$ cat work21.cif   # mmCIF, C-alpha atoms and all ligand atoms
data_target
loop_
_atom_site.label_atom_id
_atom_site.label_comp_id
_atom_site.auth_asym_id
_atom_site.auth_seq_id
_atom_site.Cartn_x
_atom_site.Cartn_y
_atom_site.Cartn_z
CA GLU A 17 0.00 0.00 0.00
CA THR A 18 1.24 3.45 -1.10
CA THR A 19 -1.24 6.06 0.15
CA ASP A 20 0.21 9.60 0.09
CA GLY A 21 1.28 10.93 3.48
CA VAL A 22 4.07 10.90 6.03
CA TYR A 23 5.21 7.57 7.51
CA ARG A 24 7.45 6.34 10.32
CA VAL A 25 10.22 3.91 9.36
CA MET A 26 10.42 1.17 11.99
CA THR A 27 12.65 -1.80 12.63
CA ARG A 28 11.34 -4.80 14.52
CA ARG A 29 14.31 -5.85 16.65
CA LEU A 30 14.63 -8.25 19.58
CA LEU A 31 11.24 -7.49 21.18
CA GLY A 32 9.31 -4.34 20.14
CA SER A 33 9.89 -1.82 17.37
CA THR A 34 12.23 1.18 17.12
CA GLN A 35 11.59 4.17 14.94
CA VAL A 36 14.71 4.75 12.83
CA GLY A 37 13.30 7.50 10.63
CA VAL A 38 10.47 9.05 8.64
CA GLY A 39 9.57 9.37 4.98
CA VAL A 40 7.08 10.75 2.46
CA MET A 41 4.85 8.76 0.15
CA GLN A 42 4.04 10.78 -2.96
CA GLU A 43 2.96 9.77 -6.49
CA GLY A 44 3.47 6.12 -5.47
CA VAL A 45 7.10 6.66 -4.47
CA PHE A 46 8.52 6.54 -0.95
CA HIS A 47 11.14 9.17 -0.12
CA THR A 48 13.52 9.07 2.83
CA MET A 49 17.11 9.75 3.85
CA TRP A 50 19.76 7.19 3.01
CA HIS A 51 21.05 7.04 6.58
CA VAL A 52 17.59 5.91 7.76
CA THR A 53 17.39 2.68 5.69
CA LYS A 54 20.95 2.36 4.46
CA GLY A 55 19.29 1.83 1.10
CA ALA A 56 17.67 -1.52 2.09
CA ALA A 57 14.17 -2.72 1.18
CA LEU A 58 11.06 -1.83 3.19
CA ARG A 59 7.87 -3.66 4.12
CA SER A 60 4.54 -1.87 3.77
CA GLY A 61 1.77 -3.98 5.23
CA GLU A 62 2.04 -7.19 3.19
CA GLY A 63 3.97 -5.47 0.32
CA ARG A 64 7.68 -5.00 -0.30
CA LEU A 65 9.10 -1.63 -1.43
CA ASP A 66 12.30 -1.92 -3.43
CA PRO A 67 14.93 0.86 -3.64
CA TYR A 68 14.84 2.60 -7.03
CA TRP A 69 17.14 5.70 -6.91
CA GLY A 70 19.53 6.95 -4.24
CA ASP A 71 22.71 8.86 -3.52
CA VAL A 72 24.82 8.59 -0.39
CA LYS A 73 26.29 12.08 -0.87
CA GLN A 74 22.82 13.70 -1.03
CA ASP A 75 21.76 11.25 1.74
CA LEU A 76 18.51 10.39 -0.06
CA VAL A 77 16.77 7.30 -1.39
CA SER A 78 13.52 6.74 -3.24
CA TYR A 79 11.50 3.55 -3.42
CA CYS A 80 9.31 2.15 -6.22
CA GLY A 81 10.21 4.94 -8.69
CA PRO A 82 12.32 8.07 -9.18
CA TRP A 83 12.40 10.96 -6.75
CA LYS A 84 9.15 12.89 -7.18
CA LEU A 85 9.58 15.82 -4.76
CA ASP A 86 10.51 18.84 -6.85
CA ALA A 87 9.44 21.96 -4.90
CA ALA A 88 12.18 24.22 -3.60
CA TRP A 89 12.55 26.70 -0.78
CA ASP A 90 11.98 30.19 -2.15
CA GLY A 91 14.97 31.53 -0.18
CA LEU A 92 13.04 33.95 1.98
CA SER A 93 9.73 32.52 3.25
CA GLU A 94 9.20 30.75 6.54
CA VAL A 95 8.80 26.95 6.29
CA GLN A 96 7.33 24.23 8.49
CA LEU A 97 8.98 21.06 9.68
CA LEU A 98 6.34 18.36 10.03
CA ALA A 99 8.30 16.65 12.77
CA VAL A 100 7.40 13.02 13.38
CA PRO A 101 9.57 12.13 16.47
CA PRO A 102 9.80 8.57 17.86
CA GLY A 103 7.01 7.91 20.27
CA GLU A 104 5.39 11.31 19.65
CA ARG A 105 2.56 12.64 17.50
CA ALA A 106 3.35 14.34 14.22
CA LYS A 107 3.48 18.12 14.75
CA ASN A 108 4.22 21.24 12.73
CA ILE A 109 6.98 23.68 13.69
CA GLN A 110 7.38 26.93 11.76
CA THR A 111 10.78 28.56 11.32
CA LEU A 112 12.75 30.92 9.13
CA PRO A 113 15.64 28.91 7.62
CA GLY A 114 19.24 29.90 7.91
CA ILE A 115 21.77 28.99 5.25
CA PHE A 116 24.51 26.43 4.71
CA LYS A 117 27.11 28.29 2.59
CA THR A 118 29.03 25.78 0.49
CA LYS A 119 31.60 26.14 -2.23
CA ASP A 120 28.83 25.10 -4.66
CA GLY A 121 26.07 27.45 -3.50
CA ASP A 122 23.69 28.00 -0.63
CA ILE A 123 21.35 25.49 0.98
CA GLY A 124 18.45 26.40 3.17
CA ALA A 125 18.89 25.03 6.66
CA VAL A 126 16.62 24.80 9.75
CA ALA A 127 17.77 25.21 13.36
CA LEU A 128 15.39 22.69 14.96
CA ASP A 129 16.55 19.80 17.17
CA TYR A 130 14.81 16.39 17.32
CA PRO A 131 15.93 12.80 18.03
CA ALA A 132 17.79 10.85 15.35
CA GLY A 133 14.69 8.83 14.48
CA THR A 134 12.98 12.04 13.31
CA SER A 135 15.29 11.94 10.26
CA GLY A 136 13.34 12.05 7.00
CA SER A 137 10.58 14.32 8.39
CA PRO A 138 9.42 16.60 5.55
CA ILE A 139 9.91 20.36 5.46
CA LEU A 140 7.03 22.23 3.84
CA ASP A 141 6.30 25.49 2.04
CA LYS A 142 3.06 27.34 2.64
CA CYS A 143 1.34 25.47 -0.20
CA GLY A 144 2.09 22.26 1.74
CA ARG A 145 4.63 21.11 -0.90
CA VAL A 146 7.57 19.13 0.46
CA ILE A 147 10.68 21.23 -0.17
CA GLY A 148 13.08 18.77 1.41
CA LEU A 149 13.69 16.31 4.19
CA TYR A 150 15.09 16.98 7.64
CA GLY A 151 18.03 15.31 9.25
CA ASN A 152 21.39 15.78 7.47
CA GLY A 153 23.08 18.56 9.36
CA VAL A 154 25.78 19.85 11.70
CA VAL A 155 26.18 20.42 15.42
CA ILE A 156 27.28 23.96 16.21
CA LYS A 157 29.42 25.10 19.12
CA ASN A 158 26.76 25.18 21.82
CA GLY A 159 25.56 21.62 20.96
CA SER A 160 22.37 22.64 19.17
CA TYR A 161 21.63 21.38 15.68
CA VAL A 162 21.11 22.76 12.17
CA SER A 163 19.67 20.57 9.42
CA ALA A 164 20.00 21.13 5.68
CA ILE A 165 16.71 21.31 3.80
CA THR A 166 17.68 18.30 1.69
CA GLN A 167 15.85 18.00 -1.64
CA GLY A 168 16.38 15.57 -4.50
CA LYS A 169 16.55 16.34 -8.21
CA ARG A 170 13.15 15.35 -9.68
CA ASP B 50 13.11 -6.11 9.07
CA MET B 51 12.25 -2.47 8.39
CA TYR B 52 8.66 -1.48 7.75
CA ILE B 53 6.68 1.70 7.34
CA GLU B 54 3.53 2.87 9.02
CA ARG B 55 1.42 5.87 8.23
CA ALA B 56 1.81 8.85 10.54
CA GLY B 57 -0.33 11.57 9.01
CA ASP B 58 -1.33 13.84 6.21
CA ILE B 59 1.13 16.42 4.95
CA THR B 60 -0.34 19.89 5.51
CA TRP B 61 0.73 23.38 6.52
CA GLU B 62 -0.73 24.25 9.94
CA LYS B 63 -1.94 27.82 10.30
CA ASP B 64 -1.62 28.30 14.05
CA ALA B 65 1.90 26.92 14.19
CA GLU B 66 4.53 27.48 16.83
CA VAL B 67 7.42 29.58 15.45
CA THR B 68 10.91 29.14 16.81
CA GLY B 69 14.56 28.62 15.96
CA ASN B 70 17.04 31.13 14.64
CA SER B 71 18.39 31.45 11.08
CA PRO B 72 22.12 30.73 11.29
CA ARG B 73 24.39 31.30 8.34
CA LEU B 74 27.12 28.68 8.36
CA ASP B 75 30.04 27.86 6.10
CA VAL B 76 29.97 24.10 5.56
CA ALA B 77 31.51 21.44 3.35
CA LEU B 78 29.72 18.30 2.11
CA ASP B 79 31.94 15.30 1.60
CA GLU B 80 31.49 12.27 -0.60
CA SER B 81 29.97 10.30 2.32
CA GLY B 82 27.14 12.82 2.67
CA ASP B 83 28.52 14.35 5.86
CA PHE B 84 28.30 18.11 6.32
CA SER B 85 31.09 19.65 8.34
CA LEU B 86 31.58 23.14 9.67
CA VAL B 87 34.51 24.87 7.98
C1 LIG C 201 17.43 15.35 20.50
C2 LIG C 201 18.61 14.50 21.00
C3 LIG C 201 19.43 15.44 21.86
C4 LIG C 201 19.43 13.94 19.86
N1 LIG C 201 19.83 14.98 18.93
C5 LIG C 201 20.52 14.65 17.72
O1 LIG C 201 20.80 13.48 17.53
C6 LIG C 201 20.85 15.78 16.69
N2 LIG C 201 20.85 17.04 17.42
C7 LIG C 201 22.03 17.40 18.17
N3 LIG C 201 21.83 18.56 18.94
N4 LIG C 201 23.13 16.72 18.15
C8 LIG C 201 19.73 15.90 15.67
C9 LIG C 201 19.62 14.54 14.90
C10 LIG C 201 18.57 14.76 13.76
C11 LIG C 201 18.56 13.52 12.83
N5 LIG C 201 19.80 13.50 12.05
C12 LIG C 201 20.84 12.58 12.37
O2 LIG C 201 20.66 11.84 13.29
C13 LIG C 201 22.08 12.67 11.52
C14 LIG C 201 22.53 11.24 11.14
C15 LIG C 201 23.85 11.36 10.33
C16 LIG C 201 23.70 11.97 8.91
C17 LIG C 201 25.13 11.92 8.35
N6 LIG C 201 25.16 12.19 6.90
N7 LIG C 201 23.06 13.37 12.32
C18 LIG C 201 23.47 14.72 12.06
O3 LIG C 201 23.02 15.33 11.16
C19 LIG C 201 24.50 15.32 13.03
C20 LIG C 201 25.63 16.12 12.38
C21 LIG C 201 26.58 15.11 11.81
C22 LIG C 201 27.89 15.99 11.69
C23 LIG C 201 28.91 15.37 10.72
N8 LIG C 201 30.17 16.22 10.73
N9 LIG C 201 24.98 14.37 14.05
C24 LIG C 201 24.58 14.54 15.44
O4 LIG C 201 23.85 15.41 15.77
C25 LIG C 201 25.13 13.45 16.39
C26 LIG C 201 25.15 13.88 17.84
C27 LIG C 201 26.20 14.63 18.27
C28 LIG C 201 26.23 15.02 19.60
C29 LIG C 201 25.20 14.67 20.46
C30 LIG C 201 24.17 13.88 20.03
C31 LIG C 201 24.10 13.49 18.69
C32 LIG C 201 23.04 13.45 21.05
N10 LIG C 201 21.78 14.04 20.60
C33 LIG C 201 20.64 13.19 20.38
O5 LIG C 201 20.67 12.01 20.58
#
$ encode --input "work21.cif" --output "structure tokens" --more "lines below"
Ligand SMILES: CC(C)[C@H]1NC(=O)[C@H](NC(=N)N)CCCCNC(=O)[C@H](CCCCN)NC(=O)[C@H](CCCCN)NC(=O)Cc2cccc(c2)CNC1=O
Amino acid sequence: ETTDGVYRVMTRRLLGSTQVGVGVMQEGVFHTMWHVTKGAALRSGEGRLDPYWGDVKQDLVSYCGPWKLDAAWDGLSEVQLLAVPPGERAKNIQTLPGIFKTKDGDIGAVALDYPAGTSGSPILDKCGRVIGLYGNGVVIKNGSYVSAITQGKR
Amino acid sequence: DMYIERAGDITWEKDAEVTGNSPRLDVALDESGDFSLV
């Protein structure tokens, strides 16, 4: 089953389950960060989702088809992280992104701190389009966190 | 085994909490997908 929405990625280990990440189902494709699944297959009810496209450097992977998320941050509007933390209800957090300055151009970045298993939570523009996924970032001097707004090439 | 389970609809929420600053950081991205502060 591939109904559009946001999903937890779980691993059944030892006894109960552990949430290792989060992803987005859109246009029949599942989208998440590579470090969540390590690029391995996923179960969805009784159905198996096979990796289709992925890139360790971008830290992304799509399942069942090519990356479908094509909307981009507009570089000046506030965005929302739809955070789906382990053991907690999905919730929206609005923020004005900062910027990762790289030798190859600027990336929007959000200074919001959640557990590792929140990785893959989508970041949204005001139209509700997913403009990237949360969770590949850096830890700055005081220990707080800044995540790139990571988006694939559609 | 890894499996997925639905967690919600994807929507903008109008009455949303607003928080976090807007840092500007010089970073490098290496071939392993790690960002590092420069
Ligand atoms: C809330 C709770 C406090 C939780 N918080 C976090 O874990 C992160 N918040 C933070 N304030 N530390 C947000 C993690 C968001 C999900 N994203 C990842 O989990 C990727 C997974 C890797 C993707 C790699 N391509 N991790 C990174 O982006 C970065 C940056 C990697 C830098 C590479 N030079 N690593 C870390 O934060 C590891 C770390 C360091 C010190 C201390 C800790 C955890 C202990 N804190 C925690 O347990």
$ closest_residue --input "work21.cif" --among "A:91, A:61, A:37, A:153" --to "residue 23 of chain A" --atoms "all atoms listed in the file"
A:37
$ closest_atom_pairs --input "work21.cif" --of "chain B" --to "ligand LIG 201 (chain C)" --cutoff "10 Å" --atoms "all atoms listed in the file" --output "JSON lines"
{"residue": "B:76", "atom": "CA", "partner": "C:LIG201", "partner_atom": "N8", "distance": 9.4}
{"residue": "B:77", "atom": "CA", "partner": "C:LIG201", "partner_atom": "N8", "distance": 9.1}
{"residue": "B:78", "atom": "CA", "partner": "C:LIG201", "partner_atom": "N8", "distance": 8.9}
{"residue": "B:79", "atom": "CA", "partner": "C:LIG201", "partner_atom": "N6", "distance": 9.2}
{"residue": "B:80", "atom": "CA", "partner": "C:LIG201", "partner_atom": "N6", "distance": 9.8}
{"residue": "B:81", "atom": "CA", "partner": "C:LIG201", "partner_atom": "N6", "distance": 6.9}
{"residue": "B:82", "atom": "CA", "partner": "C:LIG201", "partner_atom": "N6", "distance": 4.7}
{"residue": "B:83", "atom": "CA", "partner": "C:LIG201", "partner_atom": "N6", "distance": 4.1}
{"residue": "B:84", "atom": "CA", "partner": "C:LIG201", "partner_atom": "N8", "distance": 5.1}
{"residue": "B:85", "atom": "CA", "partner": "C:LIG201", "partner_atom": "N8", "distance": 4.3}
{"residue": "B:86", "atom": "CA", "partner": "C:LIG201", "partner_atom": "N8", "distance": 7.1}
$ closest_residue --input "work21.cif" --among "A:47, A:169, A:29, A:54" --to "chain B" --atoms "all atoms listed in the file"
A:29
$ interface_residues --input "work21.cif" --of "chain A" --to "chain B" --cutoff "8 Å" --atoms "all atoms listed in the file" --output "ChimeraX atom specification"
/A:20-29,53,57-61,72-75,96,98,100,105-106,108-119,125-128,140-144,152-154,156
$ residues_near_point --input "work21.cif" --point "(15.2, 0.6, -6.8)" --cutoff "10 Å" --atoms "only C-alpha atoms" --output "list in words"
residues 55, 56, 57, 65, 66, 67, 68, 69, 70, 77, 78, 79, 80, 81 and 82 of chain A
$ closest_residue --input "work21.cif" --among "A:165, A:38, A:88, A:139" --to "residue 124 of chain A" --atoms "all atoms listed in the file"
A:165
$ atom_distance --input "work21.cif" --atom1 "atom CA of residue 76 of chain A" --atom2 "atom CA of residue 31 of chain A"
28.7 Å
$ atom_distance --input "work21.cif" --atom1 "atom CA of residue 132 of chain A" --atom2 "atom CA of residue 85 of chain A"
22.3 Å
$ atom_distance --input "work21.cif" --atom1 "atom CA of residue 42 of chain A" --atom2 "atom CA of residue 131 of chain A"
24.2 Å
$ build_atoms --input "work21.cif" --residues "segment 51-83 of chain B" --atoms "N, CA and C atoms" --output "PDB file, in the coordinates of the input"
ATOM      1  N   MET B  51      12.726  -3.850   8.352  1.00  0.00           N
ATOM      2  CA  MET B  51      12.250  -2.470   8.390  1.00  0.00           C
ATOM      3  C   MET B  51      10.911  -2.360   7.717  1.00  0.00           C
ATOM      4  N   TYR B  52      10.003  -1.600   8.326  1.00  0.00           N
ATOM      5  CA  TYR B  52       8.660  -1.480   7.750  1.00  0.00           C
ATOM      6  C   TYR B  52       8.180  -0.061   7.974  1.00  0.00           C
ATOM      7  N   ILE B  53       7.143   0.322   7.233  1.00  0.00           N
ATOM      8  CA  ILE B  53       6.680   1.700   7.340  1.00  0.00           C
ATOM      9  C   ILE B  53       5.279   1.692   7.895  1.00  0.00           C
ATOM     10  N   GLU B  54       4.910   2.765   8.573  1.00  0.00           N
ATOM     11  CA  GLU B  54       3.530   2.870   9.020  1.00  0.00           C
ATOM     12  C   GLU B  54       3.091   4.314   8.928  1.00  0.00           C
ATOM     13  N   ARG B  55       1.837   4.515   8.535  1.00  0.00           N
ATOM     14  CA  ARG B  55       1.420   5.870   8.230  1.00  0.00           C
ATOM     15  C   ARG B  55       1.393   6.688   9.508  1.00  0.00           C
ATOM     16  N   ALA B  56       1.774   7.961   9.396  1.00  0.00           N
ATOM     17  CA  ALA B  56       1.810   8.850  10.540  1.00  0.00           C
ATOM     18  C   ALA B  56       1.020  10.133  10.339  1.00  0.00           C
ATOM     19  N   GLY B  57       0.542  10.425   9.141  1.00  0.00           N
ATOM     20  CA  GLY B  57      -0.330  11.570   9.010  1.00  0.00           C
ATOM     21  C   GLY B  57      -0.396  12.069   7.599  1.00  0.00           C
ATOM     22  N   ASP B  58      -1.247  13.074   7.433  1.00  0.00           N
ATOM     23  CA  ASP B  58      -1.330  13.840   6.210  1.00  0.00           C
ATOM     24  C   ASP B  58      -0.293  14.950   6.224  1.00  0.00           C
ATOM     25  N   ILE B  59       0.134  15.362   5.046  1.00  0.00           N
ATOM     26  CA  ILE B  59       1.130  16.420   4.950  1.00  0.00           C
ATOM     27  C   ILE B  59       0.403  17.718   4.659  1.00  0.00           C
ATOM     28  N   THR B  60       0.351  18.608   5.648  1.00  0.00           N
ATOM     29  CA  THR B  60      -0.340  19.890   5.510  1.00  0.00           C
ATOM     30  C   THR B  60       0.398  20.974   6.287  1.00  0.00           C
ATOM     31  N   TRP B  61       0.345  22.193   5.759  1.00  0.00           N
ATOM     32  CA  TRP B  61       0.730  23.380   6.520  1.00  0.00           C
ATOM     33  C   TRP B  61      -0.295  23.627   7.629  1.00  0.00           C
ATOM     34  N   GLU B  62       0.166  23.972   8.827  1.00  0.00           N
ATOM     35  CA  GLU B  62      -0.730  24.250   9.940  1.00  0.00           C
ATOM     36  C   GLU B  62      -0.737  25.752  10.220  1.00  0.00           C
ATOM     37  N   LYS B  63      -1.923  26.368  10.258  1.00  0.00           N
ATOM     38  CA  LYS B  63      -1.940  27.820  10.300  1.00  0.00           C
ATOM     39  C   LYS B  63      -1.573  28.372  11.673  1.00  0.00           C
ATOM     40  N   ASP B  64      -1.873  27.667  12.759  1.00  0.00           N
ATOM     41  CA  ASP B  64      -1.620  28.300  14.050  1.00  0.00           C
ATOM     42  C   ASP B  64      -0.303  27.875  14.636  1.00  0.00           C
ATOM     43  N   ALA B  65       0.732  27.701  13.800  1.00  0.00           N
ATOM     44  CA  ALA B  65       1.900  26.920  14.190  1.00  0.00           C
ATOM     45  C   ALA B  65       2.803  27.695  15.126  1.00  0.00           C
ATOM     46  N   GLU B  66       3.374  26.978  16.093  1.00  0.00           N
ATOM     47  CA  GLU B  66       4.530  27.480  16.830  1.00  0.00           C
ATOM     48  C   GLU B  66       5.602  27.974  15.862  1.00  0.00           C
ATOM     49  N   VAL B  67       6.292  29.060  16.230  1.00  0.00           N
ATOM     50  CA  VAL B  67       7.420  29.580  15.450  1.00  0.00           C
ATOM     51  C   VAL B  67       8.617  29.725  16.359  1.00  0.00           C
ATOM     52  N   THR B  68       9.759  29.202  15.928  1.00  0.00           N
ATOM     53  CA  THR B  68      10.910  29.140  16.810  1.00  0.00           C
ATOM     54  C   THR B  68      12.160  28.818  16.000  1.00  0.00           C
ATOM     55  N   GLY B  69      13.310  28.864  16.662  1.00  0.00           N
ATOM     56  CA  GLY B  69      14.560  28.620  15.960  1.00  0.00           C
ATOM     57  C   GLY B  69      15.113  29.880  15.312  1.00  0.00           C
ATOM     58  N   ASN B  70      16.436  29.974  15.280  1.00  0.00           N
ATOM     59  CA  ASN B  70      17.040  31.130  14.640  1.00  0.00           C
ATOM     60  C   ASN B  70      17.378  30.757  13.202  1.00  0.00           C
ATOM     61  N   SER B  71      18.156  31.584  12.515  1.00  0.00           N
ATOM     62  CA  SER B  71      18.390  31.450  11.080  1.00  0.00           C
ATOM     63  C   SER B  71      19.881  31.555  10.813  1.00  0.00           C
ATOM     64  N   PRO B  72      20.659  30.593  11.324  1.00  0.00           N
ATOM     65  CA  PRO B  72      22.120  30.730  11.290  1.00  0.00           C
ATOM     66  C   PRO B  72      22.611  30.666   9.862  1.00  0.00           C
ATOM     67  N   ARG B  73      23.713  31.360   9.622  1.00  0.00           N
ATOM     68  CA  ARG B  73      24.390  31.300   8.340  1.00  0.00           C
ATOM     69  C   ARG B  73      25.749  30.652   8.591  1.00  0.00           C
ATOM     70  N   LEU B  74      25.971  29.493   8.000  1.00  0.00           N
ATOM     71  CA  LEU B  74      27.120  28.680   8.360  1.00  0.00           C
ATOM     72  C   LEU B  74      27.880  28.294   7.107  1.00  0.00           C
ATOM     73  N   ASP B  75      29.202  28.375   7.173  1.00  0.00           N
ATOM     74  CA  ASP B  75      30.040  27.860   6.100  1.00  0.00           C
ATOM     75  C   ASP B  75      30.272  26.376   6.352  1.00  0.00           C
ATOM     76  N   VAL B  76      29.876  25.542   5.388  1.00  0.00           N
ATOM     77  CA  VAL B  76      29.970  24.100   5.560  1.00  0.00           C
ATOM     78  C   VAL B  76      30.559  23.469   4.302  1.00  0.00           C
ATOM     79  N   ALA B  77      31.052  22.249   4.464  1.00  0.00           N
ATOM     80  CA  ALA B  77      31.510  21.440   3.350  1.00  0.00           C
ATOM     81  C   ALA B  77      30.715  20.133   3.387  1.00  0.00           C
ATOM     82  N   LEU B  78      30.432  19.580   2.217  1.00  0.00           N
ATOM     83  CA  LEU B  78      29.720  18.300   2.110  1.00  0.00           C
ATOM     84  C   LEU B  78      30.677  17.302   1.485  1.00  0.00           C
ATOM     85  N   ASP B  79      30.957  16.208   2.175  1.00  0.00           N
ATOM     86  CA  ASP B  79      31.940  15.300   1.600  1.00  0.00           C
ATOM     87  C   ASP B  79      31.248  14.153   0.869  1.00  0.00           C
ATOM     88  N   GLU B  80      32.064  13.260   0.302  1.00  0.00           N
ATOM     89  CA  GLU B  80      31.490  12.270  -0.600  1.00  0.00           C
ATOM     90  C   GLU B  80      30.641  11.251   0.143  1.00  0.00           C
ATOM     91  N   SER B  81      30.796  11.145   1.461  1.00  0.00           N
ATOM     92  CA  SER B  81      29.970  10.300   2.320  1.00  0.00           C
ATOM     93  C   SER B  81      28.654  10.936   2.731  1.00  0.00           C
ATOM     94  N   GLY B  82      28.368  12.159   2.278  1.00  0.00           N
ATOM     95  CA  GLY B  82      27.140  12.820   2.670  1.00  0.00           C
ATOM     96  C   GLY B  82      27.215  13.441   4.034  1.00  0.00           C
ATOM     97  N   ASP B  83      28.410  13.675   4.577  1.00  0.00           N
ATOM     98  CA  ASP B  83      28.520  14.350   5.860  1.00  0.00           C
ATOM     99  C   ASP B  83      28.763  15.832   5.613  1.00  0.00           C
TER     100      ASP B  83
END
